[PDB]
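Engineer: Sequence and experimental coordinates follow.
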Amino acid sequence: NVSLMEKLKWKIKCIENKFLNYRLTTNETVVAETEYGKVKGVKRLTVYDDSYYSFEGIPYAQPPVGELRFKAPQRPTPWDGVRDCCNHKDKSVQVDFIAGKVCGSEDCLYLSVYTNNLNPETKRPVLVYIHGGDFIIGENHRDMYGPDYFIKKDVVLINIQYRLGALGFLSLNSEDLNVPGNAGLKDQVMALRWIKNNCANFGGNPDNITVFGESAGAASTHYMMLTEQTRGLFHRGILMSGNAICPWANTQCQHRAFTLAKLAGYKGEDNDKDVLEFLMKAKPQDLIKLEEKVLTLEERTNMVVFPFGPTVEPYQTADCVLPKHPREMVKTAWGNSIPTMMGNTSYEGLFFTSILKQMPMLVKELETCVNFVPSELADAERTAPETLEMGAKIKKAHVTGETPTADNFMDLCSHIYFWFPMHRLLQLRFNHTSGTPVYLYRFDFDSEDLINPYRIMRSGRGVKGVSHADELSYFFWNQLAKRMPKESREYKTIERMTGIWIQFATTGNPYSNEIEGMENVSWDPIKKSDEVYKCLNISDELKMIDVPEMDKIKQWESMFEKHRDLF
């Protein structure tokens, strides 16, 4: 929940940003070709007086409306003439993260393309960003994801949208209905196919595509690395604070359509056909507004995070993305064999600051920690002595003083949601790769002089520490950003972060002696034989270090000593 004070501050920023964006618009437009027809973009400036060509609102699928609601995306219809791509389209239907009202449109299957030069001297690395937001919020609007920092360099940057919430992730068991789930991930697949087939029209190299994303966008990038649907479509992946085997990254939601339908007024019985017929006629704002009530008492008890999201699909279809649990998909995944970079911030769990302020009794979960034991290890009642013993191990790892604290809780959150699933993924993947390198980073640069709207969500004004999503301020311009002095630590961090990402996108190796402060860095990928992970720690300096989280990671791993087949 955001304070009325911040809500007014945000409204002011929205208006000032609109007029800034007018002043950053030039009168120069340009036409580019696509496989479906011509698109008109516009040349824009940044506050640093770089410039780029901007194409927003390029459709990669038919609008998923009418009969196409809840279905896999369908290829767009070609057009004659020139499609205006000089303004953004709407975002997927969602609850606005500040206003608390439903916004967006079902007509949301668009991507945006940015480059400083449409006819470059050499074909360019293509970087594709998949936004996070727990599969329920997010957008490719430049008030949050401005390309202004990346286009300083000679890359093509593409920001996609995909369907969110129940409209993107409804799943029904009945094969006749053709709603198996994961429509939003199938949207990402269709966008990646568009990019492969069209990036050359914007100066991009279709043989050198990098997909990256943060939070649910990292889980998404990983899903795109796992599924056969995308085999060979891109060439590097970057997983920023998340992956597809994170506990929050998938769910079995096939029974929840009936519950959502009932909340929306459905009077019938629980059969998929009648439930789907009702949901097809519902207003989309109503469905998205009610999503927050869908989890049952039993599901909340079992700590299910979100009602709708990526799911293991119940039957096979032509467009099936997840035919098995992602842990199993790792065993055969094409993306295990492309260069990969993974990392997290240095205090991920600081994201839950405001939740702990609202429910301080949450700290009592640290008394035994049994509710943090991985579900595959815990008895159903979480009362078995062995479950209590694993809880005690988690408690030892994170409770540093006599009484558990909110900081202890947030430290635990960093591990359960980010560091431990990283570790489990690295170790699983080593069994199913042929030497392709994986590099680790740790983002450890703290500033409140350059922020992004996630800080308002966690009520993070004045809070020290590098929270989940704090690094996005150094990758993307946003409407809370300001021009920073060239000599400032924030400016240098923009240069370093975009620089490392572009270097990795280009070569599959994130090191470059051209990046300031990187000269003396020896950044080796993680080897199967490594017992302690090494990472590039990004603070005011760039330093290789043993991952500070390693000891706690090993303590979590120790829970599986007598259950190694589940690790």
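Structural biologist: The structure has been received and is ready for your questions. Numbering: from 1, shown residues only.
Engineer: any chance you could map the helices in the stretch 351-500 of the chain?
Structural biologist: 353-358, 385-398, 406-414, 420-429, 454-457, 489-507 (DSSP state H, counting those that start in this stretch).
Engineer: wait, which of those is closest to residue 314?
Structural biologist: Across the helices of the stretch 351-500 of the chain, the minimum distance to residue 314, taken as CB to CB, is reached by helix 420-429, at 24.1 Å. (Each C-beta comes from the backbone N, C-alpha and C, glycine too.)
Engineer: Ok, which of the helices of the stretch 351-500 of the chain comes nearest residue 160?
Structural biologist: Comparing these by CB to CB, helix 489-507 comes nearest, at 16.0 Å.
Engineer: The closest one: how far from the chain's middle?
Structural biologist: Averaging C-alpha positions (CA atoms, centre = their mean, to the nearest Å) puts helix 489-507 19 Å from its chain's average.
Engineer: tell me which residues in it are buried?
Structural biologist: By neighbour count with 16 or more other CB atoms under 10 Å, helix 489-507 contains the buried residues 490-506.
Engineer: Enumerate every residue touching residue 511.
Structural biologist: 503, 518, 521, 523 (CB atoms under 8 Å, 6 or more residues apart in numbering).
Engineer: and those as a markdown table, adding distance to residue 253 and secondary structure?
Structural biologist: Shown next, in a markdown table, are these (distance: CB to CB, whole Å; DSSP: H, G, I helix; E, B strand; the rest coil):
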| residue | distance to residue 253 | secondary structure |
| --- | --- | --- |
| 503 | 39 | helix |
| 518 | 44 | coil |
| 521 | 44 | coil |
| 523 | 40 | coil |
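Engineer: quick one: which of the residues you listed is nearest residue 362?
Structural biologist: residue 523 (37.7 Å).
Engineer: The closest one contacts residue 542, doesn't it?
Structural biologist: No: counting by CB atoms under 8 Å, residue 542 is not a contact partner of residue 523; they are 9.1 Å apart.
Engineer: which of the two has more neighbours?
Structural biologist: More crowded of residue 523 and residue 542, by other CB atoms under 10 Å: residue 542, with 21 against 18.
Engineer: on that earlier part again, mutual contacts of residue 523 and residue 542, please.
Structural biologist: Common contacts of residue 523 and residue 542, defined by CB under 8 Å, 6+ apart, comprise residue 536.
Engineer: Distance check, the spatially closest residue to residue 59 that is not a sequence neighbour against residue 41.
Structural biologist: Nearest non-adjacent residue to residue 59, counting by CB to CB, 6 or more residues apart in numbering: residue 76, 4.5 Å away. Applying CB to CB, to the nearest Å, the value for residue 76 to residue 41 is 17 Å.
Engineer: hang on, residue 114 packs against residue 156?
Structural biologist: Yes: Residue 114 is in contact with residue 156 according to CB under 8 Å; the separation is 7.2 Å.
Engineer: Looking at those two, which one has more neighbours?
Structural biologist: More neighbours surround residue 156 than the other of residue 114 and residue 156, with 30 against 25 (other CB under 10 Å).
Engineer: what's the distance between the more buried one and residue 141?
Structural biologist: 19 Å.
Engineer: Could you do residue 378 as well?
Structural biologist: 41 Å.
Engineer: Would you agree residue 304 is in contact with residue 295?
Structural biologist: Yes: using CB under 8 Å, residue 304 is in contact with residue 295, at 5.7 Å.
Engineer: Show the contacting residues for residue 417.
Structural biologist: Counting by CB under 8 Å, 6+ apart, residue 417 touches 246, 247, 248, 348, 349.
Engineer: now swap in residue 373 and tell me
Structural biologist: So residue 373 contacts 382, 387, 390, 391, 394, 559 (CB under 8 Å, 6+ apart).
Engineer: Excluding chain neighbours, what is closest to it?
Structural biologist: Nearest to residue 373 is residue 390, by CB to CB, 6+ apart, at 4.7 Å.
Engineer: before we move on, what about residue 184?
Structural biologist: In space, and not counting its chain neighbours, residue 184 is closest to residue 168: 3.0 Å by CB to CB, 6+ apart.
Engineer: got it, and residue 132?
Structural biologist: Nearest to residue 132 is residue 215, by CB to CB, 6+ apart, at 3.1 Å.
Engineer: show me the contacts for that neighbour.
Structural biologist: Residue 215 touches 132, 133, 134, 240, 241, 242, 468, 469, counting by CB under 8 Å, 6+ apart.
Engineer: That one and residue 208: what is the separation?
Structural biologist: 25 Å.
Engineer: now residue 49
Structural biologist: Here residue 49 is placed at a distance of 28 Å from residue 208 (CB to CB).
Engineer: More neighbours: which of the two?
Structural biologist: residue 208 (21 against 8).
Engineer: show me the contacts for that one.
Structural biologist: With CB under 8 Å, 6+ apart, residue 208 has these contacts: 123, 124, 125, 126, 235, 505, 506.
Engineer: tell me the secondary structure for it?
Structural biologist: Classification of residue 208 using DSSP: H, G, I helix; E, B strand; the rest coil returns strand.
Engineer: Now do it against residue 126, distance only.
Structural biologist: From residue 208 to residue 126 the distance is 7 Å (CB to CB).
Engineer: Give the intersection of the neighbour lists for the two.
Structural biologist: residue 505.
Engineer: Spatially central, which residue of the protein would that be?
Structural biologist: residue 217 (1.6 Å; CA atoms, centre = their mean).
Engineer: now the angle from the helix or strand hosting that one to helix 420-429?
Structural biologist: Using DSSP states H and E, residue 217 falls within helix 216-226. Angle, helix 216-226 to helix 420-429, by axes from the mean of the first three to the mean of the last three CA atoms, to 10 degrees: 10 degrees.
Engineer: Check the spacing between the residue of the chain most remote from its centre and residue 378 real quick.
Structural biologist: Here the chain reaches farthest from its C-alpha mean at residue 385, the gap being 37.0 Å by CA atoms, centre = their mean. From residue 385 over to residue 378 the distance is 12 Å, taken as CB to CB.
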